[PDB]
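In structure tokens, one chain follows: the form solved without the named molecule.
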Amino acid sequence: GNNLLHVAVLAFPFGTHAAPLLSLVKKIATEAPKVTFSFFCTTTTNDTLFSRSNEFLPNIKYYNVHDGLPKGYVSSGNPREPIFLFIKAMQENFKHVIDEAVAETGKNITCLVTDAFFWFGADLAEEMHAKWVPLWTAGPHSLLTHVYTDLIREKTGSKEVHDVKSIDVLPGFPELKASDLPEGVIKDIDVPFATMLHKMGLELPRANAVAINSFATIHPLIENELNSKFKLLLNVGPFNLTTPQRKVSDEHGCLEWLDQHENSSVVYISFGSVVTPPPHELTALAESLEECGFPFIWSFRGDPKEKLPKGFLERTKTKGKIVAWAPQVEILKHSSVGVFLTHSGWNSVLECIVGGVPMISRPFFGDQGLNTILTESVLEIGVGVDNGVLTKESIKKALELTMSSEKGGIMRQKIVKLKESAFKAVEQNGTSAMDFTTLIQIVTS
């Protein structure tokens, strides 16, 4: 593109949303050095994202957007409170800062790239006579679930709303219970997050193009519907293969430690950038761990003994590891690791498909439920813990099953062939490289 183009990038501050988006942006900015990229997110998220050294692509500048929290505000109860406050004032807070970036660069916005959550991107793009390109950072099946929100509700009564009778929502997908769906589709339909997702489903067809961090082999039938709902659908993932972003950090020699172990023998544990199993769960896992023998790596959450038992800490310090932050993508590509105990967030899922490792899923929130059903029943590269909770009986059951002598192997096989499609999809010749090239064209023109 030319030196007159200005791309505004609006990222979601919570969960693993902002980093994947920034990654996509970095790939584009490298290909288009004369194009200006303005990245908007909360001060706290920007601080974490832009602390990186020479990662300073010159044509990318970040701008802090108000987090919606009132003056003096203090934690309070539920961790949902700051998310709800952000959502409630995000449109005007984004606009205020976008306005500063336009006055400062002297360049009107030509393209608005946003997390798909930002349904208001169409309206904003409209006002500035700019293009709108939202990015759904999760899977195709959940995106389509949101596009189908009204349809689902219209075919949902007292039975289904209460898990008595299952709903047939997605093509080429098992029948689901309301508890399977992301909060908001059929429950708590009124809260800000739920309203944000519904509006997104309704506004997406107005976009110039809808990008998604996924690849065409993930779900053919779902993709076809999405393809018919939007002006353009672009599969630009998996991001771990299509975009840069370093992070090859092993402050705790996990990979070396992994070297000094054999194949499919280590248990990697990670429940995302925000989750930490409840008390009865952690304690059920920690013990499940040092009773199964299985060597392991566990990404806790900074806090060590804080939640974990003292003794346990220095008793397993010989057959397993526990870190605050691990080099997950690399760990998942290591031949040592045999199973991935995850909450099935989408990013971790794409990373596991690329690494070729079987999965143990204990979903918590959002799309994790649909993701578990997708990898357990449709891709068959994983299984979920019993009851969706972590109890010593449910854990061992899963470990034993995946680390078994049959099922675990097959899953590993199924995910190796999927891994193959992933690598193929990103060759210049594949659909992901091609949709990415198109994305670049739209964003930089």
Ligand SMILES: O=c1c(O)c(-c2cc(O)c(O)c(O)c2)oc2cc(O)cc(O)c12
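Here, rigid core means the biggest group of C-alpha atoms that superpose within 1.5 Å across both forms. Don't overthink the numbering: it's just position in the shown sequence, from 1.
Undergrad: Quick check on the record: does 30-38 or 390-398 carry the larger mean Cα temperature factor?
TA: Result: 390-398.
Undergrad: Is the mean CA B factor in the deposited entry higher across 309-317 or across 216-224?
TA: Higher of the two, by average CA B-factor, is 309-317.
Undergrad: According to the Cα B-factor stored in this entry, which of the following is highest: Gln91, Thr372, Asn78, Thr105?
TA: Highest CA B-factor of the listed options: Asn78.
Undergrad: Please pick out which of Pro171, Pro82, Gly253, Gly237 has the largest Cα B-factor as recorded in the entry.
TA: Of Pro171, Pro82, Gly253, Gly237, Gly253 has the highest C-alpha B-factor.
Undergrad: Which third of the chain holds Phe56 when residues are ordered by C-alpha B factor: lowest, middle or highest?
TA: Tercile = highest for this residue's CA B-factor.
Undergrad: Relative to the other modelled residues of the same chain, rank the CA B-factor of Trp325 and answer lowest, middle or highest third.
TA: Tercile = highest for this residue's CA B-factor.
Undergrad: Using only modelled residues of the chain, where does the Cα B factor of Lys407 rank: lowest third, middle third or highest third?
TA: For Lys407, the deposited C-alpha B-factor lands in the highest third.
Undergrad: Split into thirds by Cα B-factor across the chain's modelled residues, where does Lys165 land: lowest, middle or highest?
TA: Highest third - that is where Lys165 ends up once the chain's C-alpha B-factors are sorted.
Undergrad: Which third, lowest, middle or highest, does the CA B-factor of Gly355 fall in along this chain?
TA: CA B-factor rank for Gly355: middle third.
From this point on, the text means the form deposited with the named molecule bound, which you will not see here.
Undergrad: Considering only heavy atoms, tell me if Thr114 and the named molecule come within 4.5 Å of each other in the deposited bound form.
TA: Although the named molecule is absent here, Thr114 would stay clear of it in the deposited bound form, with no heavy atoms inside 4.5 Å.
Undergrad: Using a 4.5 angstroms cut-off on non-hydrogen atoms, would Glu290 count as touching the named molecule in the deposited bound form?
TA: No.
Undergrad: Tell me, yes or no, whether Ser142 is in contact with the named molecule in the deposited bound form, where a contact means a heavy atom of each within 4.5 Å.
TA: Yes - in the deposited bound form, heavy atoms of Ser142 and the named molecule come within 4.5 Å of each other.
Undergrad: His146: heavy atom within 4.5 Å of the named molecule in the deposited bound form?
TA: Contact with the named molecule, yes.
Undergrad: Identify whether the named molecule in the deposited bound form is within 4.5 Å of every residue in the set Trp136, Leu197 and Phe365, based on non-hydrogen atoms.
TA: Yes: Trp136, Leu197 and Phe365 each sit within 4.5 Å of the named molecule in the deposited bound form.
Undergrad: Out of the stretches listed (182-190, 229-237, 277-285, 95-103), which one is close to the named molecule in the deposited bound form, meaning heavy atoms within 4.5 Å?
TA: Correct option: 182-190.
Undergrad: Taking 4.5 Å between heavy atoms as the contact cutoff, choose which of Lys155, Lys88, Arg80, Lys307 touches the named molecule in the deposited bound form.
TA: Contact check passes for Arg80.
Undergrad: Rigid core as reference, CA moved 2 Å or more between the shown form and the other one - which of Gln245, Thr195, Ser335, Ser273?
TA: Single hit from the list, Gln245.
Undergrad: My question is whether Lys34 is one of the residues whose C-alpha shifts by 2 Å or more between the shown form and the other one, given a fit on the rigid core.
TA: After core superposition, the displacement of the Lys34 C-alpha between the shown form and the other one stays below 2 Å, so no.
Undergrad: Given a superposition on the rigid core, I'd like a yes or no on whether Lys417 shifts its C-alpha by 2 Å or more between the shown form and the other one.
TA: The answer is no, as the C-alpha of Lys417 shifts between the shown form and the other one by less than 2 Å after core alignment.
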